[PDB]
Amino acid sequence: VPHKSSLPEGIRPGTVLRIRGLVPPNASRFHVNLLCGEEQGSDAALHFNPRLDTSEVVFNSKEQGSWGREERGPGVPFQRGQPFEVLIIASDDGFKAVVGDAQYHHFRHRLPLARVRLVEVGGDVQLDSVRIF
C-alpha cells in the first residue's frame, strides 16, 4: 500500500522526508516522488527510483509530461529482503538523499521548491513509516 499525501504549506529549505521501509524479496523497483500536483502526470521536482531489477538508482525530474535528464547514484544501497532508512533533505541548492549512515547523492533543483505540494512513496516496497519534518 502506497503513501500519497499532500503538503499544505509546501516544503522549505530544512524540510526532511524520512522513509523507513523494507524492500520485498520479489521487488523490482520502488519510488519516492515530490510532486507539484495531484494528477498522475503532474510535474515532479524529484523522482527517487531505486531499481533492483537493473541494479540502479535513478534520479530525475518531470516537466510538461516528459522525464528530464536522468542522474544516477553510486551503487545500490538497497537489497531484496532488507530494511532501509532514507532521508530526503531539501536544502536551498537541491535535494540530499541519505541512505543508511551516509550521504548518497545530491540532486540539484530543477523546479522551484515552492511548487512541491505532494509526497508519494510507492512501487515494490513495504512501508514502516513516512515522515515530513
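Start at 1 with the first residue shown and count on from there.
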- prompt: Do the C-alpha atoms of 42-50 or of 101-109 have the higher average B factor in the entry?
  reply: 101-109
query: Got a sec? Mean C-alpha B-factor, which is higher, 6-14 or 114-122?
result: 6-14
task: Please work out which residue in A90, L87, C36, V32 has the highest C-alpha B-factor recorded for this crystal structure.
output: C36
query: Of the three thirds of its chain by CA temperature factor, lowest, middle or highest, which one includes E71?
result: middle
field: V1 - which third its CA temperature factor falls in, relative to the rest of the chain
entry: highest
- request: Consider only the C-alpha atoms of the modelled residues in this chain, order them by B-factor as the entry records it, and name the third containing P77: lowest, middle or highest.
  value: lowest
- request: Among all modelled residues of this chain, ranked by Cα B factor, put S61 in the bottom, middle or top third, i.e. lowest, middle or highest.
  value: lowest
query: How does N26 rank on Cα B-factor within its chain, lowest, middle or highest third?
result: highest
